[PDB]
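Asks: Take this structure first; my questions come after.
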Amino acid sequence: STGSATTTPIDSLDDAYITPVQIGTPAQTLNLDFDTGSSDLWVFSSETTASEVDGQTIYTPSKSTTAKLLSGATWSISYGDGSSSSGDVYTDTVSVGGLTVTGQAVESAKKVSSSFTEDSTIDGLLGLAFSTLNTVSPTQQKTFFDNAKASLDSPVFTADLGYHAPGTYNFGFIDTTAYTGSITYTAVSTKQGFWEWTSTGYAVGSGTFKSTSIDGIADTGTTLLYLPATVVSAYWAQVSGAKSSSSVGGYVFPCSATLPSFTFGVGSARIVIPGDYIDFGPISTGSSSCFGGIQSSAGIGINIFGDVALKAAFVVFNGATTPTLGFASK
Numbered sequence: 001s002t003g004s005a006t007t008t009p010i011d012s013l014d015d016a017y018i019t020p021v022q023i024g025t026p027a028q029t030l031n032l033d034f035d036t037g038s039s040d041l042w043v044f045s046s047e048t049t050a051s052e053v054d055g056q057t058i059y060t061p062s063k064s065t066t067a068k069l070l071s072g073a074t075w076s077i078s079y080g081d082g083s084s085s086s087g088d089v090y091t092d093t094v095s096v097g098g099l100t101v102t103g104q105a106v107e108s109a110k111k112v113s114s115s116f117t118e119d120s121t122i123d124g125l126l127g128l129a130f131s132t133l134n135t136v137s138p139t140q141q142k143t144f145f146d147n148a149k150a151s152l153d154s155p156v157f158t159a160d161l162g163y164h165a166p167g168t169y170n171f172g173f174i175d176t177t178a179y180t181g182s183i184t185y186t187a188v189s190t191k192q193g194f195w196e197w198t199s200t201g202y203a204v205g206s207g208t209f210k211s212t213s214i215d216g217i218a219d220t221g222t223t224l225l226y227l228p229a230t231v232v233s234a235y236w237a238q239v240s241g242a243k244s245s246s247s248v249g250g251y252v253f254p255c256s257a258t259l260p261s262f263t264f265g266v267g268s269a270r271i272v273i274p275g276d277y278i279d280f281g282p283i284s285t286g287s288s289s290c291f292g293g294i295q296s297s298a299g300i301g302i303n304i305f306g307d308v309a310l311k312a313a314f315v316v317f318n319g320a321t322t323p324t325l326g327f328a329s330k
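In this text, residue positions in the sequence shown follow the entry's author numbering: the first is 1, and each later residue adds one.
Have a look at this one:
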């Protein structure tokens with residue numbers, strides 16, 4: 001089997017991407033944030049505290065003939081941005097892009113934090129990291145990808161995120177029309193439950209490439225590129241008037257600037273992030289200070305190749321017995 005679904009930016013900045021997902025029978029279509037940095041499929045639901053729902057589409061298990069309570073199971077998750085959600089669990093049929101999983105754990109939110117309530121466009125998350133990070137207790141549950149894997153033509157999914165445009169998530173096949181050149185594969189450590197890999201270095205603009213190992217995760221659920229403070233300082237030093245603002249919470253730059261590209265290494269290959277991808281626009285409406293798309297990881301404890309980086313590539317998440325991660329230009 002295979003599946004193919006279009007993923008759409010939620011706003012003009014590409015702050016996140018939503019992908020329609022069919023849950024239940026008859027289908028209830030929710031727009032989920034596919035997140036390769038977490039491992040829970042959770043949704044706004046008929047159980048979510050009413051004051052915490054503001055325009056999201058909800059899953060109502062009582063209207064699904066295939067829903068079953070997963071008795072006694074609860075979940076609770078906290079993300080890197082400080083957001084959180086928790087609730088109970090149903091099993092149900094879940095389809096993405098024509099690919100169907102029966103018996104998928106669908107984590108129904110009873111509570112969500114303010115950042116989720118305030119985002120009307122995101123009806124929940126679909127985690128695509130390793131199932132060892134799933135938060136269901138007392139019986140940990142599998143991701144949609146882990147449940148689909150054995151049925152897929154190839155045990156892979158691919159992320160092809162757009163810059164200010166729709167893109168695609170495919171499951172079970174590699175669309176050889178979707179990228180240029182060849183795919184460079186690189187080793188993955190699953191020790192922390194993430195798609196963790198080591199970049200071979202970076203360049204700023206037309207500058208020389210610096211060979212240096214940068215361990216980090218491929219995380220579709222993170223907007224920005226978070227890298228070591230040395231690398232980030234080297235990038236923003238090339239932008240007149242850029243500075244790190246403790247008041248804003250990261251590097252800002254004049255909105256009049258033209259940003260340089262940023263290149264990262266994948267083995268001997270190179271992925272170039274155009275400068276325009278690094279502009280996240282005014283810090284507040286009408287400001288002439290703009291927020292940078294490359295930020296320090298120093299306060300995180302991990303480097304994160306988020307959407308800024310991933311949308312410059314065609315990315316293969318290879319879930320074979322020995323997982324690997326492939327990158328191609330596009």
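Where a beta carbon is used, it is the ideal one built from N, C-alpha and C, also for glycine.
#1: Does the Cβ-Cβ distance between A178 and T220 come in under 9 Å?
#2: I'd like the span of the alpha helix (DSSP H) that includes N134, first residue to last.
#3: Taking the alpha-carbon of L70 as reference, which of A27, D88, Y59 has the nearest alpha-carbon?
#4: My output table needs one value for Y179: the three-state DSSP class, helix, strand or coil.
#5: Can you tell me where the beta strand (DSSP E) with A148 in it begins and where it stops?
#6: Just verifying my parser: in three-state terms, what is the DSSP assignment at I302?
#7: Around the Cβ of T180, are there at least 16 other Cβ atoms within 10 angstroms (buried) or fewer (exposed)?
#8: Scan the segment 219-290 and note each continuous alpha helix (DSSP H) run of 4 residues or more that stays entirely inside, going in chain order.
#9: Does the segment 256-269 come close enough to the segment 188-206 to have 3 or more Cβ pairs within less than 8 Å?
#10: Where does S151 fall in DSSP's three states?
#11: Who are the near neighbours of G205 in its chain, counting only those whose CB is closer than 7 Å to its CB and skipping five residues on each side?
#12: Given a threshold of 16 other Cβ atoms within 10 Å of its Cβ, counted over all protein chains shown, does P61 qualify as buried or as exposed?
#13: Hey, out of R270, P166, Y90, whose CA is closest to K110's CA?
#14: For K191, count neighbouring C-beta atoms within 10 Å of its own C-beta (all shown protein chains included) and say buried if the count is 16 or more, exposed if not.
#15: Looking at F280 and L224, is the spacing between their C-beta atoms short of 9 Å?
#16: For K311, count neighbouring C-beta atoms within 10 Å of its own C-beta (all shown protein chains included) and say buried if the count is 16 or more, exposed if not.
#17: Distance check for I278 and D11, CA to CA, integer angstroms please.
#18: Does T117 come out as helix, strand or coil in the three-state DSSP assignment?
#19: For the beta strand (DSSP E) that contains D307, what are its first and last residues?
#20: Assuming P26 and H164 form a contact by the criterion Cβ under 8 Å, report the distance between their Cβ atoms to the nearest whole angstrom.
#21: I'd like to know if the segment 30-41 and the segment 103-123 are in contact, where contact means that at least 3 CB-CB pairs between them fall below 8 Å.
#22: Would the C-beta of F144 count as close to the ligand GDP, meaning under 8 Å from any of its heavy atoms?
#23: In terms of alpha-carbon separation, which member of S297, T48, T258, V231 lies closest to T117?
#24: Just list the residues that DSSP pairs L126 with in beta bridges.
#25: If you drop the 5 nearest sequence neighbours on each side, which residues of the same chain put their C-beta closer than 6 Å to that of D92?
#26: Which full runs of the beta strand (DSSP E) of 3+ residues lie inside the segment 79-120, going along the chain?
#27: For chain B, is any of its Cβ atoms less than 9 Å away from the one on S62?
#28: Between which two residues does the beta strand (DSSP E) holding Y169 run?
#29: Taking the CB atoms as reference points, tell me whether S131 and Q140 lie closer together than 9 Å.
#30: Candidates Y251, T222, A203: which alpha carbon is nearest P274's?
#31: With a 10 Å radius around its C-beta and 16 neighbouring C-beta atoms as the bar for buried, classify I217 as buried or exposed.
#32: May I have the straight-line CA-CA distance separating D215 from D14, to the nearest angstrom?
Replies: Based on what the coordinates show:
#1: Working through the sequence shown from its first residue, we reach residue 178 at position 178. Working through the sequence shown from its first residue, we reach residue 220 at position 220. Contact flag unset, no.
#2: The residue you call residue 134 lines up with position 134 of the sequence shown. Careful: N134 lies outside any alpha helix (DSSP H) and carries neither H nor E.
#3: The residue you call residue 70 lines up with position 70 of the sequence shown. Among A27, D88, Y59, the Cα nearest to that of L70 is on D88.
#4: If you number the sequence shown from 1, residue 179 lands on position 179. DSSP places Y179 in coil when its eight states are reduced to three.
#5: Mapped onto the sequence shown, residue 148 falls at position 148. Taken as a continuous stretch (DSSP letters only), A148 belongs to no beta strand (DSSP E), being part of the alpha helix (DSSP H) at 144-148.
#6: The sequence position of residue 302 within the sequence shown is 302, counting from 1. Coil at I302, not helix or strand.
#7: Here residue 180 refers to the residue found at position 180 when the sequence shown is read from its first residue. Exposed, because fewer than 16 other Cβ atoms sit within 10 Å of the Cβ of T180.
#8: 229-236
#9: yes
#10: Here residue 151 corresponds to residue number 151 of the sequence shown, with the count starting at 1. In this structure, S151 counts as helix in the three-state DSSP scheme.
#11: Here residue 205 corresponds to residue number 205 of the sequence shown, with the count starting at 1. Cβ within range, chain order: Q238, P260, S261.
#12: By one-based count along the sequence shown, residue 61 stands at place 61. Classification for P61: buried.
#13: Your numbering for residue 110 matches position 110 in the sequence shown. Scanning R270, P166, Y90 for the CA closest to the CA of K110 turns up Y90.
#14: Mapped onto the sequence shown, residue 191 falls at position 191. Exposed is the call here.
#15: Within the sequence shown, the letter at position 224 stands for residue 224. Within the sequence shown, the letter at position 280 stands for residue 280. Contact annotation: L224 and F280 have beta-carbon atoms nearer than 9 Å.
#16: In the sequence shown, the residue the question calls residue 311 occupies position 311. So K311 ends up on the buried side.
#17: Taking the sequence shown and counting its residues from 1, the one referred to as residue 11 is at position 11. Taking the sequence shown and counting its residues from 1, the one referred to as residue 278 is at position 278. Each residue's Cα considered, the two are about 16 Å apart.
#18: Taking the first residue of the sequence shown as 1, we reach residue 117 at position 117. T117 falls in the helix class under three-state DSSP.
#19: Here residue 307 is taken as the residue at index 307 of the sequence shown, counted from 1. No beta strand (DSSP E) contains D307, which is instead part of the alpha helix (DSSP H) from 307-310.
#20: Taking the sequence shown and counting its residues from 1, one reaches residue 26 at position 26. Taking the sequence shown and counting its residues from 1, one reaches residue 164 at position 164. That pair is no contact at about 34 Å.
#21: Counting Cβ pairs under 8 Å, three or more are found: they touch.
#22: As far as ligands go, the structure on display features none, and thus does not contain the ligand GDP.
#23: Against the sequence shown, residue 117 aligns to sequence position 117. Selected option, being the one with the closest Cα: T48.
#24: For the purposes of this step, residue 126 is taken as the residue at position 126 of the sequence shown. Note: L126 sits in a beta bridge opposite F34, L41.
#25: Position 92 of the sequence shown, counted from the first residue, corresponds to residue 92. These residues qualify, in order along the chain: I23, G24, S64, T66, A67, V106.
#26: Taken in chain order, the unbroken stretches of beta strand (DSSP E) that lie wholly in the segment 79-120 and span 3 residues or more are 84-96, 99-112.
#27: The structure shown contains no chain B; it is built from a single protein chain.
#28: Numbered from 1 along the sequence shown, position 169 holds the residue referred to as residue 169. Taken as a continuous stretch (DSSP letters only), the beta strand (DSSP E) holding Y169 covers 167-171.
#29: Looking up residue 131 in the sequence shown gives position 131. Looking up residue 140 in the sequence shown gives position 140. For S131 and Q140, yes; Cβs fall inside 9 Å.
#30: Taking the sequence shown and counting its residues from 1, the one referred to as residue 274 is at position 274. Ranking the options by Cα distance to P274, first place goes to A203.
#31: Here residue 217 is taken as the residue at index 217 of the sequence shown, counted from 1. That one is buried.
#32: As a first step, residue 215 must be located in the sequence shown, where it is residue number 215. As a first step, residue 14 must be located in the sequence shown, where it is residue number 14. Looking at the two C-alpha atoms, the distance is approximately 24 Å.
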